[PDB]
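Single chain ahead, written as C-alpha cells, the form deposited in one PDB entry.
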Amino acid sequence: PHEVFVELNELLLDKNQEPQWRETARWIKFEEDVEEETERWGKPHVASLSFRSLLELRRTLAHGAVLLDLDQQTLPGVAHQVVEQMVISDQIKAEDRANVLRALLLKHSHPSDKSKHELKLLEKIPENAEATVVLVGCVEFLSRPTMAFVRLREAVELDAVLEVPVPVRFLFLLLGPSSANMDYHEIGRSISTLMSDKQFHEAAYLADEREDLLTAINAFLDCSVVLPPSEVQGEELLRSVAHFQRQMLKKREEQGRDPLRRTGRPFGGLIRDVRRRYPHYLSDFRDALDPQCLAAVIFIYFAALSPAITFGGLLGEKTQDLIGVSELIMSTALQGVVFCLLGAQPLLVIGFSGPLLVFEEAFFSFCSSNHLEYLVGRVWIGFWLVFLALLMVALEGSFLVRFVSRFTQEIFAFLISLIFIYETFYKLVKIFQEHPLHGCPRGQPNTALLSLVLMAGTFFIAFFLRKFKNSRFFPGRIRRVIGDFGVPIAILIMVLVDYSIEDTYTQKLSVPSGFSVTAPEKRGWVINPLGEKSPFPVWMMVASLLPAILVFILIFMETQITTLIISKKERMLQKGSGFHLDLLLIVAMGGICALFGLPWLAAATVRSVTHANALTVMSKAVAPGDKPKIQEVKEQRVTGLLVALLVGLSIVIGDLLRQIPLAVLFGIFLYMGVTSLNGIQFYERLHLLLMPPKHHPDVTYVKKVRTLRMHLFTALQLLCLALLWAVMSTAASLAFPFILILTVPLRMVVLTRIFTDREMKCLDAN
C-alpha cells in the first residue's frame, strides 16, 4: 500500500552520437511529455495508448526474466544480476554480456539538468511515495527483444536515474533489435501507464511468480474503454466518454460485492451553541497573527464601506435626512463590534440590505399617508421584534429554515436585483426633469449629461475589471490582488475625473461634520416612546405587531440562509455554527438600536461569502492536472472587529466624503444590481426560453426533463414573481414577506400535485 511515481527513460543520442539515456515522460497522476524540438514539458493529459503495443507487451512478458526480492543497493549489482538472469534464461547468448552490460551503465540526462525544480516537484509528489523507472531502447547488437522485471527488497535512492530524490523499488528493462516492426517507445508508454494505477501496482506488490503479472494485465484490460478509429472534432468527447467510464466503473463496483435538532428543553440550542463555540475562545485571538489576515482587512473594509455610503445616500435623499450616512455608519460600527465579540459565527458581515430598504420605503409611505411620526413607530416595532426573537429562541424554531428551498430563494434574489435596477433608472429619469436640456439647482446647463456620463463610466470601469479578474493575464498572484480592488478603483477614478472639472454643478453627499445627526433641527439622539411633538395614539402601541412580524420574517430569512450557505461542508469550517445565537443577537440589537433612531441590520450574504473566501488557503501539494482543494479556513474574530472599528472611524474624514457625487454611487448601485443575477438557477432557465432545444446544455435539469415541462415550471415562477411585483407598487406594499411565506406551502402542495417526484429533484435540487 503506497503511491507510485513513474518516469520513462529512453536510449537516444544527445549531440555527438554518444548513446545516453534521456528522459521522455513522467507519470504522477497524468502523463506529461517532453517536446523533442523545444525541450520543455507539455501539458498534462490522459494517457491514451494503442492496442497493438499492449499485445506486444503481453506476448514478450511471457519469455521475460523475472527476479523477485533482489538484495542490491546500487546499479552495478542490479545490472550484473539482471544480465546473469538474462543469460541463464536463454534470451541472449554468452557473447553479448559485455555489450549489454556496457549499454546498461551510461549517463542519464534530464531536461531540467537541490535546485528550484527539485523543491517545486517534491511538493506535488505525495509525501511518502516510491518510484519506478522504465528503460526502453533499441539495440543493434541483439537478435530478439529481451525483458527483465525486478522488485527490490528495500527501497533505494539511486544515484542519478531520477530527476528527484525518491526511493526506487521497480525497474523495467526492454532491449531489442530495431526489426520485427515493434515500437519500443509505445511499449514503454504502455508499461508506464500500467504501473501508474492502483490495481496493477497493488497486484505487482504481492507478486510471487511470472504468470501472476499476466492476470494483473488481463484485469487491467477488462476495465477500460475502446475508441474506434474515427474522429473529427472536440465536442464529441465532452459526451459520454466521461459518462461511460463512470457508469461502467459503478457497475463494476456494484457487481463486485447536527446543530439543527429540537431537544425538548427550553433554550437548548443556545446552550449547545455556547458550549460548543466558547471553549475555543483564545484560539480566535491567536490565529489572527498571519500575513493573510492583515491583507484581508483592507478589501473587506472597502467592500463594507461602499454599500454603506450608497444606501445612506439613498436613504438620506428619500427619508428627508431623518436617517443618513452618519446613522448607517454608527449602526454598522456599533453592531459589528458586539457581534464579533459574542457571536458564534464571526465570519458574518452585518449590514443593510435591499429588502430592508424597500420595507423602510413602504413604512415611510404608510406613515406619511396617515399623518404619523416615522421615528416613534420604529421604537415599538423594535420592542415587538425583541419579544418575538426571545419567544422563538425559547421554543427552538430555527429548524424552519429547512423548509425554504431554491424555489423561494431565487424569487427573492430576482426581486432584489429588479428593485435595484428600478431605483437607479428612476434617479436618472428624475435628474433630467430638474435640469431640462433647454437652451441658454433648477436650471443648470451641463448637469444632466454629466451625471449620465459619470454613472455610465463608473459602471463600465467595474464591469471590465470583474471581467479581468477572471481572465488569464499576468501572474496569478498579482491578477488576484488587482482583480480584488475593482469598485474602489472605479470610484476613485470617477471622483478624480469629476474633481478635474471645475465649472459644472453636481450633487454631492450629505455627510455632516463631527458626531452629529443629519438633521439636527428635526431629531435629537433618543426617541421617547410617547411622542416627540404630538402624543402617540394608544391604538398603535398594540397594533404594531404586524410590521414587526413582517420585518422579523425578512431578517430571519436572510440571516438563516446566509448561515446555512456559509456552514456547508465543502468549506472546511471546523469550530462550529451559530444557528441559534446569531439570530438572537442580531434581532435583539436591531430592536434596541431603534430606540436611538438607527436602522436594523441583517447578515449580508454576499459580503459574508466574500469574507469567507479571503481567508481560505489552497493546498499546494496537488498533482498537476487535478483541481485544487481547500486546505483549511482561518477562523478568528479579529478581522471582523477591525473592519467594524475602521468603518466607524469614517466620520472624522467626512470632509473627503463630501467631494463624492451621487452619480458615481448610483452607478455602483446598478453594477451591484446587475452582477447579482449570476449564480441563480432561474436566470439560465429564462435564457433557455429563447434558444432552440438543440442548443440546451447538458445540465442535470435539462437531460431528465422534457422541454415543455421545464418551460411550464419557469412560467409558474415568472407568474409568482410578477404577482409579487404587482403588490409592491400599490398602496398596500406591506405584505410581500407574507407573499413569500405564502409561496412556500403553495409550492409544496401544488407543485407536488402537478409535477412528479422524479422531476422535482433536478428542477429543485437542494
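Shifts are known only where both forms have a C-alpha. In this text, residue numbers run from 1 along the sequence as written. Heads up, when I say rigid core I mean the largest set of C-alphas that superpose within 1.5 Å between the two forms.
Another form, the form deposited in another entry, is not on view; read the next lines as being about it.
Following superposition on the rigid core between this form and the one not shown, the residue from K318, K634, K107, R480 with a C-alpha displacement of 2 angstroms or more is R480, and no other. In comparison with the shown form, the Cα-Cα distance of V638 and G483 decreases by at least 3 angstroms in the other form. Relative to the superposed core, just one shifted segment between this form and the one not shown, defined as three or more consecutive residues with every Cα moved by 2 Å or more, spans 474 to 485.
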